[PDB]
Amino acid sequence: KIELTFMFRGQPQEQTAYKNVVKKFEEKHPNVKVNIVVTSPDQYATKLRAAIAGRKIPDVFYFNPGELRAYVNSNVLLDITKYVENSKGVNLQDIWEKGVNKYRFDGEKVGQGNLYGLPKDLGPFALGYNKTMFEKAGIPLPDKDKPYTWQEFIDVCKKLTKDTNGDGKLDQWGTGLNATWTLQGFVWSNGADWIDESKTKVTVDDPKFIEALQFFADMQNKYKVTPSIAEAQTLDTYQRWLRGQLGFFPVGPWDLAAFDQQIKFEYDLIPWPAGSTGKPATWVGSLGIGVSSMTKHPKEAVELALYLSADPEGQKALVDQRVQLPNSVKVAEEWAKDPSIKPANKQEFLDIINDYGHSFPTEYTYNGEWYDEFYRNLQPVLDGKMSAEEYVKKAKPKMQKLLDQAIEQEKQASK
Ligand SMILES: OC[C@@H]1O[C@@H](OC[C@@H]2O[C@@H](OC[C@@H]3O[C@@H](OC[C@@H]4O[C@@H](OC[C@@H]5O[C@@H](OC[C@@H]6O[C@@H](O)[C@H](O)[C@H]6O)[C@H](O)[C@H]5O)[C@H](O)[C@H]4O)[C@H](O)[C@H]3O)[C@H](O)[C@H]2O)[C@H](O)[C@H]1O
Ligand SMILES: [Ca+2]
């Protein structure tokens, strides 16, 4: 008799996996029916924004940790503390503390207090390499613990860039990194960030930021260890990685099902190359599962969120379907140690979570518009038409004005 709407996003392999686990939920709870609204990752934010603007909020939905404070102030998210505490067996202490705490808010700051959502996952973004390619080229394998320096990374990438089938044309490249998701590590490992320590001042004009951004663009334009602009336009580098054309490409746990289906070469995980700090860096992603403050069935809505986030049966089904690593720390640890589950160095994912992964800058700000502005006009830098130095000087005041406005919202909306 009960009906819940569950809104979320995913790549095709993720949509299938969560639809399957929702069906499992419905088998376990024959009185609850779940109506699914699913979208591509790229369409999700617009669709969810529209639902919230209309105050037509799905019972259960994915949301961005950077929106937690805004969602609490606007009464979007139900406080689920008591339903979680009263639930049968569920103990959120087996779950990554880093994950759980992103969705706690005590009235003033994130990380403590009442629960306003549950972690979908933690998403450490690792660096993968094509071991088949390395071994066919006679190049010594990357070390699983010691990061390449930037110079060493470029060196090995040049060695991997070649005409393998002998038709006179390059057909294999060292890498082909997407700035949207892989610039952060180079920036962070070079001792820079988009914003300052206090999270109130834009710092993209830092010489260390500029160096990292120029190095990134230079992979394509100067060192030439990527497909050309035209070649990437013909077929994007994610697809070229899948077809075995690239030495290096990032790997998230959400990728594993798709990679199981499409990747026919051997690959493994390594630390990201390290800039001036000598320490590798990358991001640890997360999404929240929240419950509408306006839901007519809070108990069943939280049961669904718990099933996806924390229930050993729901969790086991998601991990088996290769779209995430276990939310339970002990289970993740035994998972990482199981050699029959590839890649071999799965442990790298845990090392990112525990040691050298960071949050996206927008997780600290009231909205992310200031950061979206940086990326909106970035492509001329990436294609070598504008220097990194010239762009960040132009972008910084635009970003700062947006950040200042986000801060003023934090103040006004929280009266
Ligand atoms: O190179 C130029 C570009 O290439 C062409 O576009 C090709 C792109 O490739 C395809 O995308 C491949 C995927 O992209 C990377 O994954 C990035 C995103 O992760 C997935 O979501 C997982 C989810 O996110 C994690 O949380 C991250 C953040 O943390 C919070 O702060 C915030 O809420 C989150 O956003 C969670 O832990 C986890 O559950 C998304 O699906 C994906 O977008 C990986 O390399 C691949 O999976 C795709 O076809 C194109 O985008 C174009 O020409 C040019 O743009
Ligand atoms: Ca060739």
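We count ligands from 1, going down the list as the structure has it; atoms in each ligand are counted the same way. Along the sequence shown, residues are numbered consecutively beginning with 1. Heavy-atom basis, side chains included; hydrogens, waters and symmetry copies ignored.
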Please say which of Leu177, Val225, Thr182, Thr175 ends up in a side-chain contact (heavy atoms from CB on, under 4.5 Å) with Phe248.
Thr175

Could you give me the CA-CA distance, side-chain angles and deciding distance for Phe134 and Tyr129, then say whether ring-ring contact (aromatic ring centres under 6.0 Å, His included) is met?
CA-CA 8 Å; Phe134 269 77; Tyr129 75 94; 5.2 Å; yes

Would you mind listing every salt bridge (charged side-chain N to carboxylate O under 4.0 Å, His left out) that reaches into residues 306-334, with sequence neighbours excluded?
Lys28-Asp311, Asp260-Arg322, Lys316-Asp320, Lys330-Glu333

Can you tell me if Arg9 has a non-hydrogen atom under 4.0 Å from ligand 1?
yes

In residues 402-409, what donor-acceptor pairs under 3.5 Å come from side-chain atoms, sequence neighbours left out?
| from | atom 1 | to | atom 2 | distance (Å) |
| --- | --- | --- | --- | --- |
| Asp404 | OD1 | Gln400 | NE2 | 2.9 |
| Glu408 | OE2 | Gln412 | NE2 | 2.5 |
| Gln409 | OE1 | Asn367 | ND2 | 3.2 |

Tested for side chain to side chain donor-acceptor pair (under 3.5 Å) against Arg240, the lone hit among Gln172, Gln245, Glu231 is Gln245

Checking heavy-atom distances from atom 16 (O) of ligand 1 to each of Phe63, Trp254, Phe8, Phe360, the winner is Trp254

Within the 3.5 Å criterion, strictly below it, is a donor on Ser276 or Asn190 matched to an acceptor on the partner's side chain?
yes

Can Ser286 be said to touch ligand 1, with heavy atoms closer than 4.0 Å?
yes

Near the Ca ion (ligand 2), which protein N/O/S atoms fall under 3.0 Å?
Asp163 OD1, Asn165 OD1, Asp167 OD1, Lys169 O, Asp171 OD2

Is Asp121 touching ligand 1 with its side chain, its backbone, both, or neither, if touching means heavy atoms under 4.0 Å apart?
side chain

Over 60° means perpendicular and under 30° means parallel, so tell me whether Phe8 and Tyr18 are parallel, tilted or perpendicular.
tilted

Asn178, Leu177, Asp42: member with heavy atom nearest to atom 8 (C) of ligand 1
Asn178

Excluding sequence neighbours, so at least two apart, what forms side chain to side chain donor-acceptor pair (under 3.5 Å) with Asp143?
none

